[PDB]
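Student: Sharing protein-v6.cif (mmCIF, C-alpha atoms and all ligand atoms) below.
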```
data_run
#
loop_
_atom_site.label_atom_id
_atom_site.label_comp_id
_atom_site.auth_asym_id
_atom_site.auth_seq_id
_atom_site.Cartn_x
_atom_site.Cartn_y
_atom_site.Cartn_z
CA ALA A 11 45.33 49.48 -53.86
CA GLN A 12 48.01 52.02 -52.93
CA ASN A 13 48.27 53.22 -49.26
CA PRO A 14 45.52 50.90 -47.93
CA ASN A 15 46.05 51.82 -44.25
CA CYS A 16 45.38 55.53 -45.26
CA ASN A 17 48.63 56.92 -43.75
CA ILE A 18 49.65 60.53 -44.28
CA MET A 19 52.26 60.61 -47.00
CA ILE A 20 55.10 63.11 -47.27
CA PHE A 21 56.48 64.11 -50.68
CA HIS A 22 59.80 65.66 -51.70
CA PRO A 23 59.39 66.84 -55.35
CA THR A 24 62.48 67.88 -57.28
CA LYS A 25 62.58 71.35 -58.86
CA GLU A 26 61.62 69.75 -62.16
CA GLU A 27 58.64 67.95 -60.66
CA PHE A 28 57.54 71.25 -59.00
CA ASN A 29 56.73 72.89 -62.32
CA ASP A 30 53.45 71.35 -63.14
CA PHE A 31 51.07 71.54 -60.18
CA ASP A 32 48.19 69.50 -61.65
CA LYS A 33 50.53 66.74 -62.74
CA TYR A 34 52.09 66.44 -59.28
CA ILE A 35 48.72 66.25 -57.53
CA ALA A 36 47.79 63.48 -59.92
CA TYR A 37 51.15 61.74 -59.09
CA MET A 38 50.44 61.91 -55.40
CA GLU A 39 47.08 60.35 -55.94
CA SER A 40 48.65 57.56 -58.08
CA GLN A 41 50.57 56.67 -54.91
CA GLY A 42 47.48 56.67 -52.73
CA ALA A 43 48.02 59.97 -50.94
CA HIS A 44 44.35 60.88 -51.05
CA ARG A 45 43.32 57.90 -49.01
CA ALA A 46 44.71 59.60 -45.85
CA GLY A 47 42.76 62.80 -46.51
CA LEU A 48 45.91 64.92 -46.11
CA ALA A 49 49.48 64.99 -47.54
CA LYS A 50 52.59 67.02 -46.79
CA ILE A 51 54.74 68.47 -49.61
CA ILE A 52 58.24 69.68 -48.81
CA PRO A 53 59.36 72.09 -51.60
CA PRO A 54 62.71 71.58 -53.38
CA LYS A 55 65.56 73.30 -51.65
CA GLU A 56 65.94 75.74 -54.58
CA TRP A 57 62.42 77.13 -54.07
CA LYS A 58 61.23 80.11 -52.12
CA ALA A 59 57.78 81.75 -51.68
CA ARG A 60 59.24 85.17 -51.48
CA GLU A 61 62.59 86.91 -50.54
CA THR A 62 61.82 87.89 -46.93
CA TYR A 63 58.95 88.39 -44.45
CA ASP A 64 60.46 91.57 -43.08
CA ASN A 65 57.90 93.95 -44.40
CA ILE A 66 54.49 92.34 -43.44
CA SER A 67 53.69 94.22 -40.21
CA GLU A 68 51.39 96.73 -41.75
CA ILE A 69 48.90 94.21 -43.12
CA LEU A 70 45.54 94.82 -41.41
CA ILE A 71 43.56 92.18 -39.60
CA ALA A 72 40.21 93.96 -39.85
CA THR A 73 38.23 91.49 -37.70
CA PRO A 74 40.40 89.41 -35.35
CA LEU A 75 38.33 86.54 -33.86
CA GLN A 76 38.50 85.55 -30.13
CA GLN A 77 37.82 81.80 -30.01
CA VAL A 78 35.66 81.13 -26.92
CA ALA A 79 35.10 77.47 -25.99
CA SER A 80 32.19 75.68 -24.29
CA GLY A 81 32.07 72.01 -23.20
CA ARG A 82 34.68 69.64 -21.82
CA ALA A 83 38.34 69.38 -22.61
CA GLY A 84 38.02 66.70 -25.28
CA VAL A 85 34.53 67.61 -26.63
CA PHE A 86 33.80 71.31 -27.10
CA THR A 87 32.47 73.93 -29.42
CA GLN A 88 33.95 77.34 -30.11
CA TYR A 89 32.34 80.65 -31.11
CA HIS A 90 34.05 83.54 -32.62
CA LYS A 91 33.80 86.92 -30.90
CA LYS A 92 34.75 89.83 -33.11
CA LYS A 93 37.51 92.16 -31.80
CA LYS A 94 38.75 95.54 -32.94
CA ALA A 95 41.05 95.76 -35.95
CA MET A 96 44.79 95.49 -35.49
CA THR A 97 47.85 95.29 -37.71
CA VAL A 98 50.01 92.15 -38.12
CA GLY A 99 52.69 93.92 -36.05
CA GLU A 100 50.21 94.57 -33.24
CA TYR A 101 48.90 90.96 -33.47
CA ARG A 102 52.42 89.49 -33.32
CA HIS A 103 53.13 91.51 -30.13
CA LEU A 104 49.90 90.27 -28.65
CA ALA A 105 50.68 86.64 -29.55
CA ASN A 106 54.10 86.96 -27.79
CA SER A 107 52.59 88.53 -24.61
CA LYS A 108 52.61 86.63 -21.37
CA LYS A 109 48.81 86.09 -21.57
CA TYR A 110 48.95 84.44 -25.02
CA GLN A 111 52.45 83.02 -25.65
CA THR A 112 53.29 79.40 -26.08
CA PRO A 113 54.21 77.77 -22.68
CA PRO A 114 57.48 76.05 -22.05
CA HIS A 115 57.46 72.56 -23.42
CA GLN A 116 59.76 69.58 -24.24
CA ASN A 117 58.66 68.62 -27.74
CA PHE A 118 55.62 68.66 -30.08
CA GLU A 119 54.05 65.78 -28.14
CA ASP A 120 54.26 67.58 -24.80
CA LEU A 121 52.72 70.70 -26.43
CA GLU A 122 49.92 68.57 -27.91
CA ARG A 123 49.15 67.22 -24.42
CA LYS A 124 49.04 70.74 -23.01
CA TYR A 125 46.73 71.85 -25.83
CA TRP A 126 44.17 69.17 -25.22
CA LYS A 127 44.35 69.53 -21.48
CA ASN A 128 44.06 73.30 -21.32
CA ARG A 129 42.59 74.76 -24.55
CA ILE A 130 39.12 75.28 -23.21
CA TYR A 131 40.29 77.53 -20.35
CA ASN A 132 41.73 80.17 -22.66
CA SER A 133 40.31 82.26 -25.56
CA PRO A 134 43.06 82.87 -28.16
CA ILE A 135 42.68 85.46 -30.93
CA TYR A 136 42.89 84.26 -34.62
CA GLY A 137 43.45 86.56 -37.63
CA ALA A 138 41.70 84.26 -40.02
CA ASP A 139 40.22 84.39 -43.42
CA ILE A 140 41.95 87.55 -44.73
CA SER A 141 41.77 87.91 -48.54
CA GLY A 142 45.30 88.27 -49.90
CA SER A 143 48.63 86.61 -50.75
CA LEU A 144 52.23 86.60 -49.58
CA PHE A 145 53.66 84.84 -52.66
CA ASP A 146 55.94 87.01 -54.75
CA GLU A 147 54.52 87.58 -58.21
CA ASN A 148 57.74 86.19 -59.68
CA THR A 149 57.37 82.83 -57.85
CA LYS A 150 56.20 80.59 -60.69
CA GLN A 151 55.93 77.22 -58.95
CA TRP A 152 53.18 76.44 -56.36
CA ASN A 153 52.15 80.06 -56.13
CA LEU A 154 48.68 79.84 -54.45
CA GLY A 155 47.53 83.07 -56.10
CA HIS A 156 48.22 81.67 -59.64
CA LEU A 157 46.49 78.34 -59.59
CA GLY A 158 43.90 77.23 -62.18
CA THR A 159 40.49 78.30 -60.93
CA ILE A 160 37.70 76.00 -59.83
CA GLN A 161 35.35 77.76 -62.25
CA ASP A 162 37.67 76.96 -65.12
CA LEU A 163 37.95 73.31 -63.93
CA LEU A 164 34.12 72.94 -63.84
CA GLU A 165 33.97 74.46 -67.30
CA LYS A 166 36.70 72.17 -68.65
CA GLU A 167 35.03 69.05 -67.22
CA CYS A 168 31.35 69.82 -67.66
CA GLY A 169 31.26 72.44 -70.45
CA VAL A 170 29.30 75.08 -68.55
CA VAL A 171 30.78 78.57 -68.08
CA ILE A 172 29.97 80.01 -64.63
CA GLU A 173 30.43 83.25 -62.67
CA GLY A 174 32.76 83.40 -59.67
CA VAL A 175 36.32 83.83 -58.64
CA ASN A 176 38.69 81.85 -56.39
CA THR A 177 41.41 83.81 -54.41
CA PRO A 178 43.63 82.89 -51.45
CA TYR A 179 43.29 83.68 -47.78
CA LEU A 180 45.81 84.52 -45.07
CA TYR A 181 45.65 83.20 -41.50
CA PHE A 182 47.65 84.80 -38.72
CA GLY A 183 47.66 82.45 -35.71
CA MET A 184 48.82 82.28 -32.12
CA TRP A 185 49.13 79.56 -29.45
CA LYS A 186 45.93 77.52 -29.13
CA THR A 187 44.16 79.08 -32.14
CA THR A 188 42.02 76.31 -33.43
CA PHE A 189 40.42 75.03 -36.64
CA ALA A 190 37.36 72.93 -36.01
CA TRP A 191 36.48 69.61 -37.66
CA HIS A 192 35.37 70.21 -41.25
CA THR A 193 35.69 69.32 -44.89
CA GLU A 194 35.98 72.07 -47.50
CA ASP A 195 33.06 73.85 -49.14
CA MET A 196 31.56 71.46 -51.71
CA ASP A 197 34.15 68.87 -50.50
CA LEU A 198 36.90 70.69 -52.50
CA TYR A 199 40.60 70.17 -52.08
CA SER A 200 42.55 72.74 -50.10
CA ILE A 201 46.23 73.66 -50.15
CA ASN A 202 47.92 75.44 -47.24
CA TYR A 203 51.40 76.94 -47.10
CA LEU A 204 52.90 77.82 -43.72
CA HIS A 205 54.82 81.05 -44.62
CA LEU A 206 56.43 81.73 -41.28
CA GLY A 207 56.53 81.16 -37.57
CA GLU A 208 55.52 78.37 -35.28
CA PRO A 209 54.05 75.02 -36.37
CA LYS A 210 50.48 73.93 -37.08
CA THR A 211 49.30 70.44 -35.92
CA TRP A 212 46.71 68.68 -38.05
CA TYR A 213 44.34 65.79 -37.44
CA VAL A 214 42.57 64.06 -40.38
CA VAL A 215 40.00 61.30 -40.98
CA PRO A 216 40.37 59.26 -44.20
CA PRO A 217 37.63 60.14 -46.73
CA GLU A 218 36.38 56.58 -46.80
CA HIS A 219 35.63 56.91 -43.07
CA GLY A 220 34.16 60.39 -42.93
CA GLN A 221 30.67 59.18 -42.14
CA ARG A 222 32.06 57.51 -38.96
CA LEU A 223 33.15 60.88 -37.78
CA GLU A 224 29.80 62.43 -38.66
CA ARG A 225 27.93 59.75 -36.68
CA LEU A 226 30.12 60.37 -33.61
CA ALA A 227 29.64 64.08 -33.93
CA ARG A 228 25.83 63.68 -33.96
CA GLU A 229 26.15 61.67 -30.72
CA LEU A 230 28.47 64.18 -29.02
CA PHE A 231 26.66 67.36 -30.11
CA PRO A 232 23.07 66.23 -29.97
CA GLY A 233 21.35 69.70 -29.96
CA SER A 234 23.47 70.86 -32.90
CA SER A 235 22.60 67.70 -34.78
CA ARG A 236 18.85 68.33 -34.38
CA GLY A 237 19.33 71.94 -35.57
CA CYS A 238 21.07 70.95 -38.84
CA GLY A 239 21.67 67.76 -40.82
CA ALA A 240 25.16 69.04 -41.75
CA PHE A 241 26.29 70.99 -38.74
CA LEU A 242 29.97 70.28 -39.10
CA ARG A 243 29.68 72.82 -41.98
CA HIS A 244 29.39 75.39 -39.22
CA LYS A 245 33.00 74.80 -38.33
CA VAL A 246 32.56 74.98 -34.58
CA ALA A 247 33.06 71.46 -33.15
CA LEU A 248 36.21 69.92 -31.66
CA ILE A 249 36.81 66.32 -30.66
CA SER A 250 40.18 65.25 -29.21
CA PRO A 251 42.40 62.41 -30.36
CA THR A 252 41.70 60.64 -27.09
CA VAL A 253 37.97 60.78 -27.70
CA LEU A 254 38.35 59.67 -31.27
CA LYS A 255 40.47 56.64 -30.13
CA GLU A 256 37.85 55.75 -27.45
CA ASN A 257 35.18 55.70 -30.14
CA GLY A 258 37.17 53.78 -32.73
CA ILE A 259 37.34 56.53 -35.30
CA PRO A 260 40.18 56.11 -37.72
CA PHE A 261 42.46 59.19 -37.94
CA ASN A 262 46.01 60.42 -38.33
CA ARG A 263 48.01 63.35 -37.11
CA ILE A 264 50.95 65.38 -38.40
CA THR A 265 52.72 68.67 -37.64
CA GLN A 266 53.37 71.19 -40.43
CA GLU A 267 56.38 73.50 -40.12
CA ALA A 268 57.23 76.77 -41.77
CA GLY A 269 58.10 76.27 -45.46
CA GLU A 270 55.89 73.24 -45.95
CA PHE A 271 52.66 72.70 -47.90
CA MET A 272 49.70 70.62 -46.83
CA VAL A 273 47.03 69.39 -49.23
CA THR A 274 43.62 68.25 -48.01
CA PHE A 275 41.71 65.90 -50.32
CA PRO A 276 37.98 65.83 -51.09
CA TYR A 277 35.89 64.80 -48.11
CA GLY A 278 38.97 64.58 -45.82
CA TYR A 279 37.75 65.89 -42.41
CA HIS A 280 40.45 67.86 -40.67
CA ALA A 281 41.01 69.92 -37.45
CA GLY A 282 44.00 71.35 -35.68
CA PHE A 283 45.79 74.08 -33.80
CA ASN A 284 48.66 76.52 -34.00
CA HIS A 285 51.71 76.29 -31.73
CA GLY A 286 52.49 80.01 -31.58
CA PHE A 287 52.60 83.11 -33.80
CA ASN A 288 52.45 82.06 -37.44
CA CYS A 289 51.10 83.00 -40.91
CA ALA A 290 49.58 80.56 -43.33
CA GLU A 291 48.01 81.01 -46.78
CA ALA A 292 45.39 78.67 -48.16
CA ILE A 293 43.05 78.26 -51.14
CA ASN A 294 40.54 75.74 -52.43
CA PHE A 295 41.11 73.97 -55.74
CA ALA A 296 39.56 71.25 -57.88
CA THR A 297 40.69 68.40 -60.21
CA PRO A 298 38.68 66.13 -62.37
CA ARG A 299 38.41 63.61 -59.56
CA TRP A 300 36.64 66.20 -57.38
CA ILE A 301 33.56 66.49 -59.58
CA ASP A 302 31.91 63.37 -58.17
CA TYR A 303 32.55 64.59 -54.60
CA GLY A 304 31.04 67.93 -55.42
CA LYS A 305 27.91 66.31 -56.67
CA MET A 306 27.51 64.36 -53.41
CA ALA A 307 28.62 67.01 -50.90
CA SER A 308 26.33 67.65 -47.96
CA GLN A 309 25.00 71.01 -47.46
CA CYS A 310 23.98 73.26 -44.50
CA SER A 311 20.63 74.95 -45.31
CA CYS A 312 19.81 76.06 -41.65
CA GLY A 313 21.39 79.41 -42.26
CA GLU A 314 24.45 79.12 -40.07
CA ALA A 315 27.16 78.12 -42.52
CA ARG A 316 26.89 81.25 -44.77
CA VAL A 317 29.54 81.04 -47.55
CA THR A 318 31.10 82.85 -50.50
CA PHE A 319 29.44 84.10 -53.64
CA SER A 320 31.22 81.52 -55.76
CA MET A 321 29.57 78.48 -54.05
CA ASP A 322 26.24 79.45 -55.67
CA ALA A 323 27.18 78.21 -59.08
CA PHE A 324 28.66 75.01 -57.78
CA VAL A 325 25.38 74.08 -56.02
CA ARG A 326 23.27 75.31 -58.95
CA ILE A 327 25.10 73.19 -61.52
CA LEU A 328 26.19 70.12 -59.55
CA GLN A 329 23.22 69.86 -57.12
CA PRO A 330 20.17 71.37 -58.87
CA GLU A 331 17.64 69.49 -56.65
CA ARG A 332 19.27 70.99 -53.51
CA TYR A 333 19.65 74.46 -54.94
CA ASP A 334 16.37 76.08 -53.88
CA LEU A 335 16.59 74.92 -50.26
CA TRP A 336 20.31 75.76 -49.96
CA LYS A 337 19.79 79.28 -51.34
CA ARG A 338 17.00 79.95 -48.78
CA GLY A 339 19.67 79.20 -46.11
CA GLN A 340 21.94 81.74 -47.82
CA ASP A 341 19.11 84.40 -47.81
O1 LIG B 1 44.92 76.89 -41.11
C1 LIG B 1 43.75 76.93 -40.67
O2 LIG B 1 43.29 77.61 -39.67
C2 LIG B 1 42.68 76.14 -41.37
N1 LIG B 1 43.07 75.60 -42.70
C3 LIG B 1 42.35 74.69 -43.33
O3 LIG B 1 41.30 74.18 -42.87
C4 LIG B 1 42.80 74.32 -44.71
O4 LIG B 1 43.89 74.83 -45.09
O5 LIG B 1 42.00 73.56 -45.31
MG MG B 2 53.11 95.47 -44.27
NI NI B 3 40.24 73.24 -44.33
ZN ZN B 4 23.46 74.36 -40.63
#
```
Transcribe the structure of this file into structure tokens.
Ligand SMILES: O=C(O)CNC(=O)C(=O)O
Ligand SMILES: [Mg+2]
Ligand code: NI
Ligand SMILES: [Zn+2]
Tutor:
Amino acid sequence: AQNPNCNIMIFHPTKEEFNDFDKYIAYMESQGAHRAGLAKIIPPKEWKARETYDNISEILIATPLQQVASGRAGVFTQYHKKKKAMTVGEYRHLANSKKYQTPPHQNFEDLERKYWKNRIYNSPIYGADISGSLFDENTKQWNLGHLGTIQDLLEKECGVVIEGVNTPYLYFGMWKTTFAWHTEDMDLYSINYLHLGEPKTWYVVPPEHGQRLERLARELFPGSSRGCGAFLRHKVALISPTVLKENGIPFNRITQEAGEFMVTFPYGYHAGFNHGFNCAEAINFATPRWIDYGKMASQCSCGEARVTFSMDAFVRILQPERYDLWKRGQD
């Protein structure tokens, strides 16, 4: 069995190996990368996502989200308060302001300490989930707006044509902006490219141990757990590395820098935070190996998780017994 300790693997594909996306994901898996839940891919030196980032300031962040925490430093939830629209240029200025900028620090480890110690006492503003792409149309390799669609994958594997589309999303971050513990919709893969700016730290639980995390979360968020049998689908709960270590939950951590891709694997729980102003792009995708995960994925039917149009067909086809209850939660 490859990678039996479930360590995060880092890959350095050549320009020739960067041509065929599906084949390279399958290569990574042949080496055990999926066991960690997360892998890093450093593009060949010849590659670029686009020529420059000099002309992105007029992108609109229609609904910036202020991330307000409740709880204790290591065990907290966050809610998202909607703020007035602002441009990327306005957001970048805000991120760099004295109120929101990254504090002085020695290294990534010192910053991580300061995050966990102090996150709850601040409410950073995240420009998340913005439909769009920063890849140049002429970038042919690992262009997240030109991947094979999940609908086409389901059709190729299962023979059923379905409605729906699959497009990327932009995330503009600042110091302490936070992504809560989650897996993807329908336990899909995700791919994330950090276009520019400051790093993003990730934490991940191996897929084979995801239920250990779920059991801890039910213990630590007992009201939430009574409200919904899949409440981590709400994407609101944070648990620190210290707490995870105290409770014996297996996990790993890694920092992504500008110019690097991360891939999350089916049923790989992940969480993290941004170090300062940055812009990432991400999209879900599928492979043949995903289908069995999609068939087994938990679902939120309490009404909170509320998701895209395109998840309908996945539930309808892969989880017909669950469909009626899940759709009630959508409506
Ligand atoms: O970057 C973020 O805020 C969150 N990203 C992911 O959860 C992902 O790419 O799967
Ligand atoms: Mg612009
Ligand atoms: Ni994710
Ligand atoms: Zn729910």
Student: Excluding residue 193 in chain A and its own-chain neighbours fewer than 6 positions away, which residues fall within 12 Å of it when counting only C-alpha atoms? Please give them as a PyMOL selection string.
Tutor: chain A and resi 47-48+199-200+213-217+220-221+223-224+240-245+274-281+294+303-304+307-309
Student: Taking (53.5, 87.9, -45.9) as a centre in this file's frame and 6 Å as the limit, can you find every polymer residue with an atom that close, using all atoms listed in the file, and give them as a list in words?
Tutor: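 Output: residues 63, 66 and 144 of chain A.
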Student: To check your reading of the model: which residues sit at most 12 Å from ligand ZN 4 (chain B) when counting only C-alpha atoms and all ligand atoms? Write the answer as a VMD selection string.
Tutor: chain A and resid 233 to 246 308 to 317 335 to 336 338 to 340
Student: So that I can see what lies close to residue 302 in chain A, please list as an NGL selection string the residues with an atom at most 10 Å from it, counting only C-alpha atoms and leaving out residues fewer than 3 positions away in the same chain.
Tutor: :A and (197 or 276 or 298-299 or 305-307 or 328)
Student: Point out the residue among A:112, A:13, A:318, A:141 with the least atom-to-atom distance to residue 291 in chain A, counting only C-alpha atoms.
Tutor: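 Between A:112, A:13, A:318, A:141, the residue approaching residue 291 in chain A most closely is A:141.
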